[PDB]
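Residue numbers start from 1 in every chain, and the chains themselves are labelled A, B, ... in the order their sequence lines are given, proteins ahead of strands.
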Amino acid sequence: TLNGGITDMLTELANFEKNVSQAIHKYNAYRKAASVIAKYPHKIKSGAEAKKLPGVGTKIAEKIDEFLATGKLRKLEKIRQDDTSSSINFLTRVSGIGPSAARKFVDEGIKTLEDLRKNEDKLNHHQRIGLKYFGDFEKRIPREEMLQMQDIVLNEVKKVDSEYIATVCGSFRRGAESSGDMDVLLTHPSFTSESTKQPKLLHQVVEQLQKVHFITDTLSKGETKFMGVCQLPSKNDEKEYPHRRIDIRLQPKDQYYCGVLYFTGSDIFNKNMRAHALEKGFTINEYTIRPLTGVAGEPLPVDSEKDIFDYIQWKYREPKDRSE
DNA sequence: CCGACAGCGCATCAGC
DNA sequence: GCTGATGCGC
DNA sequence: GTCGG
Ligand SMILES: [Cl-]
Ligand code: NA
Ligand code: NA
């Protein structure tokens with residue numbers, strides 16, 4: 001990356017404000033600035049140059065000036081030497097443990113990986129599985145593996161019901177060569193926004209993927225959202241694949257486009273698009289787009305992803321151009 | 001200067 | 001058990 | 001922390 005040193009600094013600051021300071025808006029602010037800087041096709045020479053970018057203000061510009069001049073940030077150096085901040089930042093790396101639980105664990109003396117591995121009875125089910133695959137969940141997923149995972153999911157899904165349609169979204173759909181997880185969008189004609197003609201639609205698919213030993217664990221599971229763990233099958237005498245995070249989302253068939261837009265991402269892209277929608281007088285979720293007194297109106301007709309872009313007056317962006 | 005910052009499903013808890 | 005507020009991840 | 005009213 002051209003400005004990897006700068007974006008890493010802002011990303012580290014973002015993680016600090018979220019996990020330690022618990023300031024979610026500062027967290028989003030740093031990420032937004034890091035994102036727009038990452039896409040900047042020039043090697044930044046000064047904070048003043050960066051300040052021209054939307055999302056970069058005075059304070060970050062000062063930090064950029066310090067980093068370019070010294071190669072480091074004194075603010076981050078002090079944070080790294082803070083034991084409380086270090087313990088919290090580590091504990092939050094476990095899936096299921098947020099800023100509140102992390103700080104609570106530190107008060108109770110639980111602040112290391114070794115402490116967690118002898119205090120599993122103090123964790124909820126989500127946190128326990130997150131600890132179980134602490135290392136694997138921080139591993140990236142090669143696209144080659146994502147293809148194998150996709151092939152398994154789609155085929156096992158077909159065997160349950162041919163009317164099922166499974167679409168792999170996330171960074172994979174954006175054509176990335178590596179993904180953080182697998183986010184599957186599932187639709188079935190019996191499940192629309194109007195009615196649910198068949199129960200256990202999500203359960204059947206999860207069951208099947210568990211039968212073929214693809215899904216190994218379950219973080220959380222409901223009627224429309226599944227969060228769990230999956231693993232590719234390895235060959236004889238071969239080292240096992242790392243366990244992977246997989247999300248399966250049952251979406252209303254008639255609301256596929258709003259759904260596929262959200263689950264495609266990226267996260268920063270979604271936040272920017274939804275924020276821009278509000279300025280245009282619209283509100284967007286993974287189901288519909290509505291005009292917005294502040295009271296949301298009736299859903300607008302959507303026959304493509306592009307229609308959502310057209311409403312908020314944006315030139316259409318292919319999934320590959322939504323990786324911010 | 002200063003209000004608003006995207007939006008939601010599942011797990012968990014407390015008040016009744 | 002129902003309702004609503006929180007934490008959490010995305 | 002940054003932006004728009
Ligand atoms: Cl809606
Ligand atoms: Na700016
Ligand atoms: Na966490």
Can you list the steps and then say if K280(A) with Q313(A) is a side-chain hydrogen bond (donor to acceptor under 3.5 Å, both in side chains)? CA-CA 8 Å; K280(A) 287 295 182 177; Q313(A) 299 179 329; 2.5 Å; yes
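- Linking ILVMFWY residues whenever their side-chain heavy atoms come closer than 4.5 Å, directly or via other members, leaves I268(A) and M273(A) in distinct clusters.
- For the adjacent pair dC5(B) and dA6(B), the base rings do not count as stacked by a centre distance under 5.5 Å and plane angle under 30°.
- How far CG of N15(A) is from CD1 of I88(A): 13.0 Å, rounded to the nearest 0.5 Å.
- Distances were taken from every side-chain heavy atom of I60(A) (C-beta onward) to each of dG1(D), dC10(C), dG7(B); the shortest belongs to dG1(D).
- Taking the charged nitrogens against the carboxylate oxygens, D136(A) and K139(A) do have a contact shorter than 4.0 Å, which makes a salt bridge.
- Distance, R274(A) CZ to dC8(B) P: 7 Å, rounded to whole Å.
- The side chain of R245(A) has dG9(C) as its nearest neighbour among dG9(C), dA6(B), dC8(B).
- When the nucleotides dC8(C), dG9(C), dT2(D) are ranked by their closest atom to the side chain of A101(A), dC8(C) comes out on top.
- Distance CD1 (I97(A)) to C1' (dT12(B)): 15 Å, rounded to an integer number of Å.
- Nearest-nucleotide mapping onto DNA chain B: of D267(A) and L219(A), the residue sitting toward the 5' end is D267(A).
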What pattern of brackets, bars and dots sums up DNA chain B from 5' to 3', given Watson-Crick or G-U wobble pairs under 3.5 Å, [ ] for crossing pairs and | for another strand? |||||.||||||||||
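- Contact annotation for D247(A): backbone-only contact, meaning every heavy-atom pair under 4.0 Å involves sugar-phosphate atoms and none involves a base.
- Taking the charged nitrogens against the carboxylate oxygens, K72(A) and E77(A) have no contact shorter than 4.0 Å, which rules out a salt bridge.
- Listed pair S100(A) / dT6(C) fails the phosphate criterion, with no side-chain N or O lying under 4.0 Å from OP1 or OP2.
- Ionic pairing of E66(A) and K63(A) is not present here: no N-O contact between side-chain nitrogen and carboxylate oxygen is shorter than 4.0 angstrom.
- The nearest whole Å value for the distance from the CZ atom in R103(A) to the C1' atom in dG7(C) is 15 Å.
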Evaluate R274(A) against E286(A) for salt bridge (charged side-chain N to carboxylate O under 4.0 Å, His left out), listing each step before the verdict. CA-CA 11 Å; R274(A) 291 181 174 188; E286(A) 60 269 47; 3.7 Å; yes
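- The side chain of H25(A) approaches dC5(B) more closely than any other nucleotide in the set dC5(B), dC10(C), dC8(B).
- Look at CD on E286(A): it is 6 Å from P on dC8(B), rounded to the nearest Å.
- Distance from the side chain of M227(A) is smallest to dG9(C) among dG9(C), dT12(B), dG7(B).
- Ranking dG1(D), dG7(B), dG9(B) by closeness to the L278(A) side chain, first place goes to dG7(B).
- Listed nucleotides: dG9(C), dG9(B), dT12(B). Nearest to the side chain of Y287(A): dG9(B).
- With hydrogens and angles ignored, no donor-acceptor pair under 3.5 angstrom links the side chain of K26(A) to the base of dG1(D).
- For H243(A), the ring-ring contact (aromatic ring centres under 6.0 Å, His included) test picks out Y133(A), with sequence neighbours left out.
- Closest to the side chain of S220(A), out of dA11(B), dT2(D), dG7(C), is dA11(B).
- The CD atom of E279(A) sits 10 Å away from the P atom of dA6(B) (whole-angstrom rounding).
- Taking 4.0 Å as the cut-off between side-chain N and carboxylate O, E62(A) and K59(A) do not count as a salt-bridged pair.
- Taking atom CG on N270(A) and atom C1' on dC5(B), their separation rounds to 16 Å, with Å as the unit.
- For the OP1/OP2 pair of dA6(B) and a distance below 4.0 Å, the side-chain nitrogens and oxygens of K271(A) include at least one atom meeting the criterion.
- Going from the P atom of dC5(B) to that of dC10(C) covers 24 Å, rounded to whole Å.
- Between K59(A) and the phosphate of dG1(D), there is a side-chain N or O to OP1/OP2 separation shorter than 4.0 Å.
- Comparing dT2(D), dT12(B), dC10(C) by their nearest atom to the side chain of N124(A) picks out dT12(B).
- No N or O donor and acceptor, one from the side chain of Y27(A) and one from the base of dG1(D), sit under 3.5 Å apart.
- The P atoms of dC8(B) and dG1(D) are separated by 29 Å, rounded to the nearest whole Å.
- In this structure, NZ of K18(A) is placed 18 Å from P of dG1(D), rounded to the nearest angstrom.
- Between the side chain of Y262(A) and the base of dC10(C), at least one donor-acceptor pair of N or O atoms lies under 3.5 Å.
- Atom CG in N28(A) sits roughly 8 Å away from atom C1' in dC5(B) (whole-Å rounding).
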